[PDB]
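One structure is given here, and the rest of the page talks about it.
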Amino acid sequence: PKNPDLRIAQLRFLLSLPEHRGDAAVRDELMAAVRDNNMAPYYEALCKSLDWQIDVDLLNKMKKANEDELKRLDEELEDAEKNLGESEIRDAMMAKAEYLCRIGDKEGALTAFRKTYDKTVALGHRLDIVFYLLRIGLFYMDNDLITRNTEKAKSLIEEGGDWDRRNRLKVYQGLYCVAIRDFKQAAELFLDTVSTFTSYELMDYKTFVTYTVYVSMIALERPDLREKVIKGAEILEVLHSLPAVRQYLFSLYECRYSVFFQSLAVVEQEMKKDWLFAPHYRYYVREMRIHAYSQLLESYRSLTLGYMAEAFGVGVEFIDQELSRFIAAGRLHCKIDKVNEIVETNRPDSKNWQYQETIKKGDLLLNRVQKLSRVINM
Amino acid sequence: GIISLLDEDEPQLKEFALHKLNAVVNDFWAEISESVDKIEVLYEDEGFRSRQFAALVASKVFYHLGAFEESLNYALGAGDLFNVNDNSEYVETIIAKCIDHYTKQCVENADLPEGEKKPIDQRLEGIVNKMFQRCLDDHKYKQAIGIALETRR
Amino acid sequence: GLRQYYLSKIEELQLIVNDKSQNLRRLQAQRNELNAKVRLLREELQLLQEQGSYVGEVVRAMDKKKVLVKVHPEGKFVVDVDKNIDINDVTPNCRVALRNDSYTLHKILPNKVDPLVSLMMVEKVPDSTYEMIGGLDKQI
Amino acid sequence: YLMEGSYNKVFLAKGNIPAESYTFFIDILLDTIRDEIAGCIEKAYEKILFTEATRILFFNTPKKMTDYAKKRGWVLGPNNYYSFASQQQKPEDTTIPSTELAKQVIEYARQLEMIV
Amino acid sequence: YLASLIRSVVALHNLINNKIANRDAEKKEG
Amino acid sequence: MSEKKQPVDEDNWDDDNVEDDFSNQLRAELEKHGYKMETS
Amino acid sequence: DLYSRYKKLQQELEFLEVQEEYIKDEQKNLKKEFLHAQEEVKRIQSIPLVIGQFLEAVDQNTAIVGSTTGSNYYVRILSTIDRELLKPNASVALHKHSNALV
Amino acid sequence: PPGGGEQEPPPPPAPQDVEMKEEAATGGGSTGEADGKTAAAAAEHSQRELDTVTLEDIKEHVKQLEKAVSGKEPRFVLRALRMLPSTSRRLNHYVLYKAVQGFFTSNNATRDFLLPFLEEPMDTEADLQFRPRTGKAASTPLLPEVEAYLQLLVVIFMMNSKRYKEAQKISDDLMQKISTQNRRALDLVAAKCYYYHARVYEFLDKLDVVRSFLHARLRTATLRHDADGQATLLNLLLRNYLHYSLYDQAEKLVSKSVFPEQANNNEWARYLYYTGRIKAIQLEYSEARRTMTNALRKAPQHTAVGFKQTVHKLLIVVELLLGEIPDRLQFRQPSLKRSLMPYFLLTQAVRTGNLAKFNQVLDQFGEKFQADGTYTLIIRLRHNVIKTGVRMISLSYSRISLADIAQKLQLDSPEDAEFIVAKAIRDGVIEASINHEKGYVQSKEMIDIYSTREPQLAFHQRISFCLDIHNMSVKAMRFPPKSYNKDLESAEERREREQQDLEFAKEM
Amino acid sequence: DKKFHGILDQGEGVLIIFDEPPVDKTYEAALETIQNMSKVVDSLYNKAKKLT
């Protein structure tokens with residue numbers, strides 16, 4: 001049964017990576033682990049965990065009950081094929097091979113699922129099997145197997161409208177596009193926030209709301225922010241339940257820059273704590289800083305540097321080493337003066353920077369077909 | 001390193017240098033391969049007791065570096081010290097140039113022998129008819145019938 | 001001197017033989033494909049002057065390499081076959097190609113269409129499944 | 001240190017030799033940097049007085065500043081070294097690209113239609 | 001630059017179309 | 001084939017460029033700002 | 001023999017040298033004639049042209065049409081037609097005697 | 001005795017079976033098809049010879065109880081291999097020594113007994129004119145001596161076996177190498193034996209004899225035959241000259257054999273690396289990063305710790321000498337975790353602008369870079385670090401005092417911070433002026449590089465290159481048109497029947 | 001909010017106004033072709049690299 005199954009892997013993260021944080025995760029992970037027949041997924045989580053020396057009877061009672069479910073599948077198959085329904089063996093393990101998917105590993109899942117895929121002639125079970133493959137490929141981050149059943153799913157979204165199987169799917173493309181650092185696609189898959197539902201994997205709808213605002217504040221510009229997230233009632237009333245996030249969004253839009261750092265270290269700190277964000281929190285706020293520098297600094301031309309400490313966020317030499325590392329980083333289009341204490345900006349035309357990415361991609365694909373040209377013909 | 005003492009202006013250290021140009025002409029052969037070519041300086045100099053051995057080893061070092069005509073001309077003017085041996089992998093090198101330039105000159109001399117004929121350097125035909133006598137004396141005449149055509153004589 | 005002089009001519013020349021011959025072998029086939037394209041292109045103006053081929057409909061075959069073929073607009077004909085066509089391969093109710101001057105049996109086109117597939121195509125029942133059944137499980 | 005613009009440390013080493021005399025070598029080194037400073041005056045600088053560039057090498061007031069001030073510009077003036085930082089004439093050339101590109105575009109057309 | 005860039009990929013695809021042609025011809029034909 | 005003698009013996013790159021500019025620059029910004037509220 | 005082993009072997013270098021220049025000449029000559037024959041086939045189109053309708057094709061470059069006289073035929077194509085302008089119900093052109101695609 | 005008596009008898013039984021199919025068929029085709037037939041058309045026994053290298057590189061490990069490699073040498077040394085009336089009994093002699101190994105005890109080749117396995121080229125009608133047989137069948141026992149190398153009374157046996165191999169080698173060097181690939185096949189066999197020769201007879205011994213001997217072996221190359229001795233005898237010339245310090249690098253400039261003309265993607269592939277470290281130690285001027293890159297992209301699917309780690313190191317060592325730098329650890333295979341630490345930790349500091357951070361790397365892993373000997377190239381990077389600093393600050397700040405920039409660059413001295421920055425103008429890393437009286441350094445805003453005719457040059461480098469890869473994709477793909485040879489017009493009898501039916505339509 | 005664009009001065013309150021429509025249409029439309037053809041060559045791995 002894979003419907004509560006994501007919290008398990010999130011708590012494997014929460015057990016493993018925060019090294020100080022190693023008590024309650026091995027409490028509640030055990031609470032869900034040595035019940036509900038979980039047998040395979042914790043031997044190396046036991047390696048990361050302690051010895052837990054007497055696990056042997058705990059193993060044997062649960063592989064014993066697993067043996068009971070296995071042997072009653074083995075009691076089901078012959079009366080199933082004896083008087084036949086819709087091939088009631090695979091009609092049994094199209095319900096209980098998902099039990100074997102949670103309990104056993106991915107193999108007893110996958111050969112039974114690619115097995116049972118050829119039975120149900122309508123997509124109403126096929127696409128749910130594909131959803132199960134999406135979820136376990138999400139668990140073991142099967143980054144090539146998700147690319148298969150995404151398209152193999154999408155091939156079955158045509159016939160019918162199936163918007164509880166299409167808008168539902170857009171959640172999966174959004175979570176994979178936020179697993180990878182694809183933010184402008186991630187908020188775009190997080191466009192709706194209406195047909196999105198009280199799901200199994202974000203049991204708080206508001207956690208999904210926090211995710212789509214965290215990606216949207218990078219992914220879109222002011223025109224969109226000043227129409228979409230500011231006037232959405234369905235997005236507004238759920239952040240109305242949030243004291244910090246409602247402040248965190250409106251500090252940027254309402255030009256409240258100094259408290260924006262205060263809330264920013266909170267959101268970045270929780271994002272540092274967060275599973276499936278934790279790969280890219282260091283990429284997030286380094287973009288948030290230079291974006292906030294763009295928003296304030298593209299208003300004036302003759303703004304001094306000593307205004308930004310008290311007006312923007314404290315620390316003059318911090319603004320010095322920060323801004324430089326960004327002009328030096330080839331973004332943040334201005335040119336700071338030092339020994340008269342002023343910051344001067346410019347405007348760049350969309351002809352050199354638009355050229356720059358073209359020489360990047362052109363040299364990249366030239367390296368690509370260069371390499372494959374070396375590959376073929378020995 | 002022995003190339004450094006080519007500024008002595010005493011006609012015995014040139015001879016002491018060309019003592020060391022025939023046996024160690026494979027390791028720092030690479031060293032004096034292109035760097036110093038003062039063979040023709042002492043070779044065209046009034047300083048004798050050298051100009052005899054030097055065009056030999058110039059005909060060694062300029063050979064492998066594609067200067068087949070340079071080693072051919074210094075092969076001609078090198079002297080009795082040059083053709084004294086035919087017991088190496090080098091007589092094969094010098095006859096494949098000298099008989100070649102000989103007979104391909106002698107096709108033009110087969111056109112116009114009257115006037116502008118060859119200034120033979122006294123072995124340019126001497127090893128032609130000499131190595132020809134080697135072909136006569138080595139009992140082979142299915143080849144001695146052949147080069148006798150090839151000389152255009 | 002004929003060993004180290006004369007034999008060295010042979011080891012040299014063969015290297016020019018081995019790659020100039022190879023360049024020749026590439027080059028003449030490189031002609032040859034284009035030549036076949038040229039004469040194949042010229043042949044079509046003569047070949048397109050030929051008359052067309054009739055389509056027919058085999059009812060059923062009979063004795064001595066013959067069949068019974070009825071064109072849609074015209075009448076049934078007893079014709080023979082060509083030598084490259086098998087009787088068991090000739091199925092009843094199958095279309096053919098047919099030459100026109102002697103009505104010799106030419107080829108065997110597609111498979112027409114089963115009179116029932118046309119029928120259900122006309123009727124167009126709304127195809128269904130168990131997954132669109134609303135609460136009729138005891139009747140199932 | 002001669003690779004980068006370490007100059008003063010090089011003239012500290014000059015003298016700070018621990019090994020032996022090395023005098024013939026550090027006098028070639030005393031020169032091959034004399035023309036280097038004698039070029040380093042020739043960058044876009046302000047009016048340098050008769051003290052700053054006078055003391056950048058190792059002289060008080062000989063006529064060696066007349067040797068360099070008459071050798072190059074930054075001429076002897078009213079406590080003045082003259083800046084002829086012109087750098088004006090060389091741009092705005094289309095014709096040399098209108099010959100070289102006239103070569104290169106034909107070179108494109110050769111390996112585009114003519115079979116090779 | 002774009003047009004020449006695509007042309008090489010086209011001819012390379014023809015080379016793959018050639019390889020598939022000669023290989024699956026050597027063992028099959030003999 | 002592949003004789004190869006012995007003389008000697010995404011997920012990864014955008015994080016690596018964050019490591020390129022940002023390999024070790026203050027790591028955990030949480031209190032430096034509050035240490036500059038009283039100095040700045 | 002040993003002497004003929006070089007004379008007769010340079011002889012075919014002289015003899016071999018001509019043919020690559022020769023096929024070098026044919027390589028352009030069949031192009032320049034192939035353009036001449038390239039247009040030559042389209043005289044069949046001309047004027048006196050009857051109209052049928054495309055149905056389907058057996059294979060590469062041979063198809064099945066239905067004449068507006070009423071009867072269907074097994075017909076040949078003309079080569080220079082872009083085949084991707086055919087689709088299903090194509091109105092085609094048929095030669096009035098040879099009865100092929102035009 | 002039961003475990004050895006059950007596990008030890010199948011080893012002979014296996015390998016002898018596969019060795020009656022690899023080099024028995026290579027014995028039939030490599031000698032019967034190159035000594036008597038052409039091999040330029042059919043030289044598949046050379047890549048088959050690569051297979052009978054790669055099997056035996058990893059085939060033997062143990063000191064050979066049961067005589068499973070040590071019993072091969074009493075077997076495989078009684079080889080006349082003259083003709084089928086003398087080899088049809090040799091096919092029985094691949095079976096009789098199985099009865100000698102199994103029924104009896106054979107001769108245990110354990111560090112003492114190789115000399116009665118060597119003296120076979122005289123007896124049993126063994127010869128040397130079939131040097132396809134005696135070179136391959138010289139190497140095939142010359143290998144497993146030196147394959148384990150087992151440094152214990154195996155250097156003189158190796159050595160004398162190499163002396164018999166040198167006798168066969170002299171018969172190749174002087175004795176009738178014409179058109180048989182007598183020279184050419186034994187440039188592969190000579191080439192491979194130069195390595196075991198060079199594994200036990202280089203670092204132990206004095207390779208410097210094989211310097212002048214290698215000038216003789218290279219000397220007879222390029223005169224008689226012009227391939228595969230042009231290849232191997234130049235990297236094999238190079239590999240200790242790099243290791244040592246000979247002047248042959250400008251020798252390698254004036255060398256003719258810098259091309260060996262399509263040297264089979266091993267010698268040709270690594271050759272570009274071996275000439276890459278040449279201009280590395282002779283001051284990379286961005287000339288050889290394309291041939292370092294070329295040597296990297298011409299390397300096979302073996303491993304990286306062979307040499308691909310080393311070219312992956314030096315290849316962007318020299319780009320750190322330039323100033324540009326890509327990301328390196330981005331393919332975490334068998335090296336982009338193990339060997340990168342000190343090196344990626346170095347370029348991590350190089351991509352910064354900090355001065356003594358470079359020293360914090362160099363004290364930390366100076367000896368590790370001395371383990372590779374790259375240290376004499378690592379030492380000069382401070383120039384490039386300060387170019388990164390002056391380009392960084394000169395790009396970032398516009399009007400900055402010189403009394404700040406040495407303090408941020410921890411240079412400790414403004415008075416020559418005039419001079420480093422001064423050279424930075426004087427070379428071309430930055431343009432604008434310095435108010436030396438005041439102290440501020442101003443920098444102009446140079447924008448619009450688009451109309452500054454340059455990215456046209458960045459195009460024109462690549463337009464011609466992509467036309468070249470198109471044209472090479474034309475030149476190496478016209479092979480296909482072959483085999484099939486008849487395009488019939490239509491027919492003959494159908495043309496006659498068309499004449500009959502047209503004659504009947506004309507009669508009608 | 002980019003409904004207007006220009007600059008705002010703090011020294012004396014001056015709105016320097018400037019505009020041009022830049023060439024947006026060319027380089028990005030040429031650029032997305034490149035990321036199509038990247039996926040094309042990735043498909044050429046799936047018919048060339050595994051195959052022959």
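Each chain in the structure tokens gets a letter, A, B and so on, in the order shown; residues start at 1 in every chain, and ligands are counted from 1 in the order they appear.
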Neighbours of chain A in chain F at 8 Å, counting only C-alpha atoms, as a PyMOL selection string: chain F and resi 10-11+14-15+18+21+29-30+33+36-37+39-40
Test item, strand (DSSP E) assignment across range 13-84 of chain G, answer as a ChimeraX atom specification: /G:49-59,62-67,72-76
How would the residues just picked look written out with C-alpha atoms as a compact mmCIF listing (two decimals), in the first residue's frame?
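Result file follows (result.txt):
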```txt
# COMPACT_ATOMS: atom_id res chain seq x y z
CA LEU G 49 -5.57 14.94 -69.40
CA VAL G 50 -8.38 13.06 -67.66
CA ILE G 51 -9.17 13.08 -63.96
CA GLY G 52 -9.51 10.27 -61.46
CA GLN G 53 -9.17 9.96 -57.70
CA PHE G 54 -6.38 8.44 -55.63
CA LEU G 55 -7.39 5.51 -53.45
CA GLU G 56 -4.32 3.71 -52.09
CA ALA G 57 -0.89 2.35 -53.03
CA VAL G 58 0.26 -1.26 -53.12
CA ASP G 59 3.88 -0.46 -52.46
CA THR G 62 2.83 2.02 -57.76
CA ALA G 63 -0.73 2.78 -56.71
CA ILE G 64 -4.48 2.28 -57.19
CA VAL G 65 -6.88 4.98 -58.38
CA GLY G 66 -10.49 5.34 -59.38
CA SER G 67 -11.35 7.00 -62.67
CA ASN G 72 -10.93 1.56 -60.85
CA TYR G 73 -7.46 0.69 -62.07
CA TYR G 74 -4.04 -0.51 -61.01
CA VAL G 75 -1.82 2.28 -62.24
CA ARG G 76 1.77 3.47 -62.31
```
Please report as a JSON list (two decimals) with N, CA, C and O atoms, in the first residue's frame which residues of chain F come no farther than 6 Å from chain H, using only C-alpha atoms.
```json
[["chain", "number", "residue", "atom", "x", "y", "z"],
["F", 1, "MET", "N", 41.28, -6.34, -28.40],
["F", 1, "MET", "CA", 41.05, -4.90, -28.47],
["F", 1, "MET", "C", 41.11, -4.27, -27.08],
["F", 1, "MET", "O", 40.93, -4.96, -26.08],
["F", 6, "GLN", "N", 49.38, 0.20, -18.55],
["F", 6, "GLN", "CA", 49.28, 0.87, -17.25],
["F", 6, "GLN", "C", 50.57, 1.60, -16.91],
["F", 6, "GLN", "O", 51.53, 0.97, -16.43],
["F", 8, "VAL", "N", 50.26, 4.21, -14.74],
["F", 8, "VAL", "CA", 49.94, 4.91, -13.49],
["F", 8, "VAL", "C", 49.58, 3.94, -12.37],
["F", 8, "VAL", "O", 50.29, 3.86, -11.36],
["F", 9, "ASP", "N", 48.49, 3.21, -12.53],
["F", 9, "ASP", "CA", 47.95, 2.41, -11.44],
["F", 9, "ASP", "C", 48.69, 1.08, -11.36],
["F", 9, "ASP", "O", 48.12, 0.02, -11.60]]
```
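Coordinates place CA of residue 6 in chain D at a distance of 11.9 Å from CA of residue 412 in chain H.
Within 12 Å of chain D, and using only C-alpha atoms, the residues found on chain E are residues 1, 3, 4, 7 and 8 of chain E.
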Residues of chain H within 10 Å of chain A, only C-alpha atoms counted, as an NGL selection string: :H and (265 or 297-300 or 391-401 or 404 or 439-443 or 445 or 447-451 or 455 or 458-459 or 462 or 465-466 or 469 or 472-473 or 476-477)
Go through chain A and flag each residue having an atom no more than 10 Å from chain I; for those, report the closest pair of atoms plus their distance in Å to one decimal, using only C-alpha atoms, ordered by chain and rising number, as JSON lines.
```
{"residue": "A:221", "atom": "CA", "partner": "I:1", "partner_atom": "CA", "distance": 9.1}
{"residue": "A:222", "atom": "CA", "partner": "I:1", "partner_atom": "CA", "distance": 6.1}
{"residue": "A:223", "atom": "CA", "partner": "I:1", "partner_atom": "CA", "distance": 6.3}
{"residue": "A:224", "atom": "CA", "partner": "I:1", "partner_atom": "CA", "distance": 9.9}
{"residue": "A:225", "atom": "CA", "partner": "I:1", "partner_atom": "CA", "distance": 9.8}
{"residue": "A:226", "atom": "CA", "partner": "I:1", "partner_atom": "CA", "distance": 8.2}
{"residue": "A:295", "atom": "CA", "partner": "I:1", "partner_atom": "CA", "distance": 9.8}
{"residue": "A:298", "atom": "CA", "partner": "I:7", "partner_atom": "CA", "distance": 8.0}
{"residue": "A:299", "atom": "CA", "partner": "I:7", "partner_atom": "CA", "distance": 6.2}
{"residue": "A:300", "atom": "CA", "partner": "I:8", "partner_atom": "CA", "distance": 5.1}
{"residue": "A:301", "atom": "CA", "partner": "I:9", "partner_atom": "CA", "distance": 6.2}
{"residue": "A:302", "atom": "CA", "partner": "I:10", "partner_atom": "CA", "distance": 6.3}
{"residue": "A:303", "atom": "CA", "partner": "I:10", "partner_atom": "CA", "distance": 7.0}
{"residue": "A:304", "atom": "CA", "partner": "I:10", "partner_atom": "CA", "distance": 9.6}
{"residue": "A:347", "atom": "CA", "partner": "I:6", "partner_atom": "CA", "distance": 9.8}
{"residue": "A:349", "atom": "CA", "partner": "I:22", "partner_atom": "CA", "distance": 7.4}
{"residue": "A:350", "atom": "CA", "partner": "I:22", "partner_atom": "CA", "distance": 6.3}
{"residue": "A:351", "atom": "CA", "partner": "I:23", "partner_atom": "CA", "distance": 7.4}
{"residue": "A:354", "atom": "CA", "partner": "I:27", "partner_atom": "CA", "distance": 6.9}
{"residue": "A:355", "atom": "CA", "partner": "I:27", "partner_atom": "CA", "distance": 7.3}
{"residue": "A:357", "atom": "CA", "partner": "I:31", "partner_atom": "CA", "distance": 8.5}
{"residue": "A:358", "atom": "CA", "partner": "I:31", "partner_atom": "CA", "distance": 6.4}
{"residue": "A:359", "atom": "CA", "partner": "I:31", "partner_atom": "CA", "distance": 9.8}
{"residue": "A:361", "atom": "CA", "partner": "I:34", "partner_atom": "CA", "distance": 7.1}
{"residue": "A:362", "atom": "CA", "partner": "I:34", "partner_atom": "CA", "distance": 7.4}
{"residue": "A:364", "atom": "CA", "partner": "I:38", "partner_atom": "CA", "distance": 9.2}
{"residue": "A:365", "atom": "CA", "partner": "I:38", "partner_atom": "CA", "distance": 6.5}
{"residue": "A:366", "atom": "CA", "partner": "I:38", "partner_atom": "CA", "distance": 9.9}
{"residue": "A:368", "atom": "CA", "partner": "I:38", "partner_atom": "CA", "distance": 7.9}
{"residue": "A:369", "atom": "CA", "partner": "I:41", "partner_atom": "CA", "distance": 7.3}
{"residue": "A:372", "atom": "CA", "partner": "I:45", "partner_atom": "CA", "distance": 8.1}
{"residue": "A:375", "atom": "CA", "partner": "I:49", "partner_atom": "CA", "distance": 7.7}
{"residue": "A:376", "atom": "CA", "partner": "I:49", "partner_atom": "CA", "distance": 7.6}
{"residue": "A:377", "atom": "CA", "partner": "I:52", "partner_atom": "CA", "distance": 9.9}
```
Shell around residue 122 in chain B at 12 Å using only C-alpha atoms, local window under 3 positions removed, as a PyMOL selection string: chain B and resi 73+75-80+118-119+125-130
Any chance you could export the current selection's N, CA and C atoms as a JSON list (two decimals), in the first residue's frame?
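Below is the file selection-v4.json, written as the result:
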```json
[["chain", "number", "residue", "atom", "x", "y", "z"],
["B", 73, "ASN", "N", 75.30, 16.11, -52.57],
["B", 73, "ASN", "CA", 76.41, 16.97, -52.99],
["B", 73, "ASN", "C", 77.60, 16.84, -52.06],
["B", 75, "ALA", "N", 78.03, 14.22, -50.34],
["B", 75, "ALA", "CA", 78.45, 12.87, -50.69],
["B", 75, "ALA", "C", 79.41, 12.87, -51.86],
["B", 76, "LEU", "N", 79.20, 13.76, -52.84],
["B", 76, "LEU", "CA", 80.13, 13.88, -53.95],
["B", 76, "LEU", "C", 81.45, 14.49, -53.50],
["B", 77, "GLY", "N", 81.40, 15.65, -52.88],
["B", 77, "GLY", "CA", 82.62, 16.31, -52.48],
["B", 77, "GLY", "C", 83.25, 15.82, -51.20],
["B", 78, "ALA", "N", 82.76, 14.71, -50.63],
["B", 78, "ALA", "CA", 83.27, 14.27, -49.34],
["B", 78, "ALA", "C", 84.66, 13.64, -49.45],
["B", 79, "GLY", "N", 84.93, 12.92, -50.53],
["B", 79, "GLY", "CA", 86.27, 12.43, -50.78],
["B", 79, "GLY", "C", 86.45, 10.93, -50.72],
["B", 80, "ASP", "N", 87.70, 10.50, -50.56],
["B", 80, "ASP", "CA", 88.02, 9.08, -50.51],
["B", 80, "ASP", "C", 87.52, 8.45, -49.22],
["B", 118, "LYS", "N", 77.05, 17.34, -68.00],
["B", 118, "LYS", "CA", 77.17, 17.22, -66.55],
["B", 118, "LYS", "C", 78.56, 17.65, -66.09],
["B", 119, "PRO", "N", 78.65, 18.51, -65.08],
["B", 119, "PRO", "CA", 79.90, 18.62, -64.31],
["B", 119, "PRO", "C", 79.96, 17.48, -63.30],
["B", 125, "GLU", "N", 80.01, 9.53, -61.80],
["B", 125, "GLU", "CA", 80.03, 8.40, -62.71],
["B", 125, "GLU", "C", 80.97, 7.30, -62.24],
["B", 126, "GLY", "N", 81.86, 7.59, -61.30],
["B", 126, "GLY", "CA", 82.85, 6.64, -60.84],
["B", 126, "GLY", "C", 82.26, 5.50, -60.04],
["B", 127, "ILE", "N", 81.22, 5.78, -59.26],
["B", 127, "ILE", "CA", 80.52, 4.68, -58.61],
["B", 127, "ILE", "C", 79.41, 4.14, -59.48],
["B", 128, "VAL", "N", 79.06, 4.83, -60.56],
["B", 128, "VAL", "CA", 78.17, 4.26, -61.56],
["B", 128, "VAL", "C", 78.86, 3.09, -62.25],
["B", 129, "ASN", "N", 80.00, 3.36, -62.89],
["B", 129, "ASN", "CA", 80.70, 2.27, -63.53],
["B", 129, "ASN", "C", 81.43, 1.38, -62.53],
["B", 130, "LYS", "N", 81.73, 1.89, -61.33],
["B", 130, "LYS", "CA", 82.37, 1.06, -60.31],
["B", 130, "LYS", "C", 81.40, 0.05, -59.73]]
```
Using only C-alpha atoms, which residues of chain D come within 12 Å of chain H, and what is the closest atom pair for each, with the distance in Å to one decimal? Give it as CSV, sorted by chain and residue number.
```
residue,atom,partner,partner_atom,distance
D:1,CA,H:383,CA,9.1
D:2,CA,H:383,CA,10.1
D:3,CA,H:383,CA,6.8
D:4,CA,H:383,CA,6.0
D:5,CA,H:420,CA,3.8
D:6,CA,H:416,CA,6.3
D:7,CA,H:416,CA,6.6
D:8,CA,H:416,CA,6.6
D:9,CA,H:416,CA,8.6
D:10,CA,H:416,CA,10.7
D:11,CA,H:416,CA,11.5
D:36,CA,H:423,CA,10.0
D:37,CA,H:419,CA,9.6
D:39,CA,H:426,CA,9.1
D:40,CA,H:422,CA,7.4
D:41,CA,H:422,CA,9.7
D:42,CA,H:426,CA,9.5
D:43,CA,H:426,CA,7.6
D:44,CA,H:433,CA,5.4
D:45,CA,H:434,CA,6.3
D:46,CA,H:435,CA,6.3
D:47,CA,H:437,CA,8.5
D:48,CA,H:437,CA,7.7
D:49,CA,H:437,CA,9.4
D:51,CA,H:437,CA,11.5
D:52,CA,H:437,CA,9.1
D:53,CA,H:436,CA,10.6
D:56,CA,H:415,CA,9.8
D:83,CA,H:433,CA,11.7
D:85,CA,H:433,CA,10.2
D:87,CA,H:431,CA,11.4
D:91,CA,H:452,CA,10.0
D:92,CA,H:452,CA,9.9
D:93,CA,H:453,CA,9.9
D:94,CA,H:453,CA,9.5
D:96,CA,H:453,CA,11.7
D:97,CA,H:453,CA,9.0
D:98,CA,H:453,CA,12.0
D:100,CA,H:457,CA,11.4
D:101,CA,H:460,CA,9.8
D:103,CA,H:460,CA,11.9
D:104,CA,H:460,CA,8.3
D:105,CA,H:460,CA,9.6
D:106,CA,H:464,CA,11.7
D:107,CA,H:464,CA,8.7
D:108,CA,H:464,CA,7.2
D:109,CA,H:467,CA,10.5
D:110,CA,H:467,CA,10.4
D:111,CA,H:467,CA,7.0
D:112,CA,H:467,CA,7.5
D:113,CA,H:471,CA,10.9
D:114,CA,H:471,CA,10.9
D:115,CA,H:471,CA,9.0
D:116,CA,H:471,CA,7.8
```
Expected answer as a PyMOL selection string: alpha helix (DSSP H) residues in range 2-153 of chain B: chain B and resi 13-17+39-44+54-64+68-76+91-111+126-137+144-150
